[PDB]
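Asker: Below is the structure I would like to discuss, written out as structure tokens.
Number of protein chains: 2
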Amino acid sequence: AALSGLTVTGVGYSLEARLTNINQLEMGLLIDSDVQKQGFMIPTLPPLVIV
Amino acid sequence: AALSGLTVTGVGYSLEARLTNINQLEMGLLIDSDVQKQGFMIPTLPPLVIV
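Residue numbers (the UniProt record's numbering), protein chains in the order written: chain L, 453 to 503; chain G, 453 to 503.
Okay, structure coming up:
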């Protein structure tokens, strides 16, 4: 009764085909290097004296 | 009082009869073997590149 009138028909599909690159038409993932610099400089302090 | 009018009679029975065959014609439990082979593929992957 729960299967009365069911008919299954195939419509289409999709395929997993990957292009083996010998010609390498791909940029992959770019790798860059930048350098940061932090400026660290020192003050002076009030003096200690003995008379 | 509860057992008033109680009548019990028999109807039938069953027997466990077994056939001690000598020629033998029983298929018993057939013993077989077979295999399910499986094929496994190793694909390639998208490339990693620095330009």
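C-beta atoms are modelled at their ideal positions from N, C-alpha and C, and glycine is treated no differently.
Taking 9 Å as the CB-CB limit, is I502 of chain G close to chain L?
Answerer: Chain L, which has a Cβ nearer than 9 Å to the Cβ of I502 of chain G, makes this yes.
Asker: Output yes or no for whether 9 Å exceeds the beta carbon distance between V501 of chain G and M479 of chain L.
Answerer: yes
Asker: Taking 9 Å as the threshold (C-beta atoms), are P499 of chain G and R470 of chain L in contact?
Answerer: no
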